[PDB]
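As a plain string of letters, each chain reads:
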Amino acid sequence: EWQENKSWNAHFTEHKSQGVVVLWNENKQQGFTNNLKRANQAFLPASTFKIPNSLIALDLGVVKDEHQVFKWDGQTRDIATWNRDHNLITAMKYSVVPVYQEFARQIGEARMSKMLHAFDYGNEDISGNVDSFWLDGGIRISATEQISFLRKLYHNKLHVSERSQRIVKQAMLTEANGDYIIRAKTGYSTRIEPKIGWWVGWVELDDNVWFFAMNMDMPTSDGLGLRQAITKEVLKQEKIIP
Ligand SMILES: COc1cccc(-c2cccc(C(=O)O)c2)c1
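Under the annotation held in the PDB entry, the protein carries the name Beta-lactamase and is attributed to Klebsiella pneumoniae. This entry appears in the Protein Data Bank under the title "OXA-48 IN COMPLEX WITH COMPOUND 6b". Its UniProt record, at the heading Subunit (literature references left out), says of the protein: "Monomer (By similarity). Dimer." Quoted straight from UniProt, the Sequence similarities entry for the protein says "Belongs to the class-D beta-lactamase family."

## A few points about the pairing of strand β6 (residues 196-204)
Of all nine residues in β6, nine are buried, a share of seventy percent or more. Where burial is concerned, the two faces of β6 agree: the one with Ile196, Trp198, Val200, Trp202 and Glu204 and the one with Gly197, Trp199, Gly201 and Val203 are both buried. Bridging between strand β5 (residues 181-189) and β6 involves nine bridges; their strand directions are antiparallel. Residue pairing for β6: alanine 184 is matched across the bridge by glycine 201. Joining the antiparallel neighbours β5 and β6 is a turn of six residues. What sits between the antiparallel neighbours β6 and strand β7 (residues 209-217) is a turn of four residues.

## Some points on the pattern of salt bridges
This structure, assessed with the given rule, holds twelve salt bridges. The salt bridge involving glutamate 175 is made with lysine 232; its shortest N-O contact spans 2.9 Å. Separated by 57 residues along the polypeptide, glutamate 175 in strand β4 (residues 173-176) and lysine 232 in helix α10 (residues 226-237) bring together distant segments of the chain. Under the relative-accessibility criterion, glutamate 175 is labelled partly exposed at 24%.

## Topic: the sheet that holds β6
The seven strands lie next to each other as β1-β3-β2-β7-β6-β5-β4, forming an open sheet whose pairing is mixed. One side of each edge strand has no neighbouring strand; the edge strands of this open sheet are β1 (2-4) and β4. Mean inter-strand twist for the sheet, computed between neighbouring axes without regard to direction, equals 20 degrees. By the bridge criterion, three bridges tie β4 to β5 in an arrangement that is antiparallel. Its bridge partner being in β5, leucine 173 is matched across the sheet by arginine 183. Sitting on the sheet, helix α8 (residues 143-154) touches β1, β2 (19-25), β6 and β7, and the angle it makes with β7 is about 145 degrees.

## Concerning the packing of aromatic side chains
Between two aromatic rings, the relevant description is the distance of the centres plus the angle of the planes. This structure, assessed with the given rule, holds 15 aromatic pairs. Taken together, a centroid distance of 5.7 Å and an interplanar angle of 70 degrees make the contact between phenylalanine 49 and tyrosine 121 edge-to-face. With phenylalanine 49 in the loop between α2 (36-39) and α3 (50-59) and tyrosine 121 in the loop between α6 (109-118) and α7 (133-136), the pair connects residues that are 72 residues apart, well separated along the chain. Here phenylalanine 49 falls in the buried class, since its relative accessible area comes to 0%. Among the aromatic residues, those joined into a ring-pair cluster are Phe49, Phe119, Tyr121, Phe133, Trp134 and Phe149.

## A word on the site of the ligand
Neighbouring the ligand are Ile79, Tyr94, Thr186, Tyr188 and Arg227. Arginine 227 places a side-chain nitrogen or oxygen 2.9 Å from an oxygen atom of the ligand. Within the complex, the protein chains bury 58% of what would otherwise be the 420 Å² of accessible surface of the ligand. Put simply, the ligand lies in the largest pocket. Grouping the amino acids of the shell around the ligand by side-chain chemistry returns three nonpolar, one polar and one charged.

## Some remarks on the nonpolar core
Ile51, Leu55, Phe103, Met112, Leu116 and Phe119 are the most contacted members of the largest nonpolar core, which totals 56 residues. Counting residues per element, this core draws most heavily on helix α5 (residues 97-107), which supplies six residues. The residues touching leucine 55, leaving out its near neighbours within four places in the chain, are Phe119, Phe149, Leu153, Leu158, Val160, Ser164, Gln165 and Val168. If you look at the next biggest cluster of nonpolar residues, it comprises 21 residues, including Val21, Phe32, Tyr180 and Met218.

## Regarding the side chain of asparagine 215
Inspection of the secondary structure assignment puts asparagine 215 in strand β7. Side-chain polar atoms of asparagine 215 contact the side chain of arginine 38, separated by 2.8 Å. If sequence neighbours within four positions are ignored, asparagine 215 has contacts with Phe12, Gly19, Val20, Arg38, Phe43, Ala143, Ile196, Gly197 and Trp198.

Rules used throughout
Each chain has its residues counted from 1 in the order its sequence is written, and this count may differ from the entry's own numbering; any residue lacking coordinates is left out. Think of the side-chain values as coming from all heavy atoms in the structure, minus any hydrogens and water. Residues with missing side-chain atoms are left out of burial classes, side-chain pairs and their counts. UniProt positions are given in the numbering used here, feature names are shortened, and annotations may be inferred rather than shown by experiment. Classification of residues uses two cut-offs on accessible area relative to the type maximum, computed with a 1.4 Å probe and protein chains only: under 20% is buried, over 50% is exposed, and between them is partly exposed. Starting at the N terminus, helices and strands are each numbered in turn, a helix being any DSSP run of H or I of at least four residues and a strand any DSSP run of E of at least two. Here, any two strands with at least 2 DSSP bridges between them count as paired. Any carboxyl oxygen of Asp or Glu that lies within 4 Å of a side-chain nitrogen of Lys or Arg is treated as forming a salt bridge with it. Each axis is a line fitted through C-alpha atoms, and for a helix only the stretch in contact is used; angles between axes span 0 to 180 degrees, taken between their N-to-C directions. Throughout, a contact is declared for two residues whenever any of their heavy atoms are within 4.5 Å. Between rings of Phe, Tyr and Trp, where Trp is taken as its six-membered ring, a pair exists when centres lie within 6.5 Å; planes separated by under 30 degrees are stacked, by over 60 edge-to-face, and by other angles tilted. By convention in these notes, a residue is near a molecule or strand provided one of its non-hydrogen atoms lies within 4 Å of it. Counting of polar contacts relies on pairs of N or O atoms within 3.5 Å, with two restrictions inside protein: one atom must be capable of donating a hydrogen and the other of accepting it, and residues adjacent in sequence are counted only when both atoms are side-chain atoms. Here the accessible surface of atoms and residues is derived via Shrake-Rupley with a 1.4 Å probe, and residues count as covered only by protein chains that are part of the display. Grid points spaced at 1 Å and placed over the protein atoms alone form the basis of the search, with a cavity being a set where a 1.4 Å probe fits but cannot get out and a pocket an open set showing protein on both sides within 12 Å along at least five of seven lines. Lining residues have an atom within 4 Å of a point. Any molecule with more than half of its atoms within 2 Å of a cavity's or pocket's grid points is regarded as sitting in that cavity or pocket. The nonpolar class holds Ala, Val, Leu, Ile, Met, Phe, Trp, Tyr, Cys and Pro. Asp, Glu, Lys and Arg form the charged class, and all remaining residues, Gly among them, are polar. For the purposes of this section, nonpolar cores are sets of buried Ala, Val, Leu, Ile, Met, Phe, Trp, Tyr and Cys residues that join through side-chain atoms within 4.5 Å.

Below you can see the structure in the form of structure tokens.
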């Protein structure tokens with residue numbers, strides 16, 4: 001079942017922005033959101049696509065393991081952390097597009113398309129350039145569709161090896177303390193309107209897991225921090241985290 005909680009709209013209209021948060025209680029199998037319509041509106045996945053992209057690269061052998069080094073191609077880009085060597089862990093952490101563009105080129109159109117259908121990922125449409133379709137191509141995914149994909153990953157139910165899924169979930173590690181663990185991936189879509197930010201993942205507790213998927217309008221990069229801050233405010237309000 002689902003439940004709409006418009007009280008959460010304050011967290012967006014307090015920072016003069018608009019967006020949706022979708023929560024899923026795995027134990028109770030119940031969903032919650034501030035906006036049922038936007039929860040089912042499909043956007044470019046942008047860097048959240050590095051989750052499925054990593055899974056495919058690992059399962060096809062394009063990426064041997066999370067230690068394999070992908071050397072900087074020597075082209076200076078405006079993101080300083082991109083102008084250096086990376087492995088899967090750091091490429092995820094710093095959302096290093098050029099590393100994942102190379103993954104996609106080595107994956108190829110046919111295998112990429114085959115895998116996204118097996119994953120039931122979004123509209124499963126890779127139309128556009130194989131090395132940028134998740135930034136300015138035809139692929140689209142909604143917040144509720146992100147949840148369904150993430151739940152499969154959590155339970156090792158995606159049609160790739162258990163090893164591939166374990167490695168990606170390691171690479172998704174974002175925060176951990178004595179109270180909770182967050183595995184998640186940010187996204188920032190700018191090439192097609194509306195410009196949005198993503199944060200998708202889940203919160204591990206001692207005895208339950210809460211999946212989440214949020215997106216919000218992002219007219220400029222100044223508000224990127226609100227992706228995590230708004231999500232955590234919702235989690236705090238629902239007393240999912242202290
Ligand atoms: C043109 O590329 C841009 C433009 C503006 C920002 C980024 C960027 C890079 C790394 C992390 C993140 C992030 O979501 O925190 C954002 C990339």
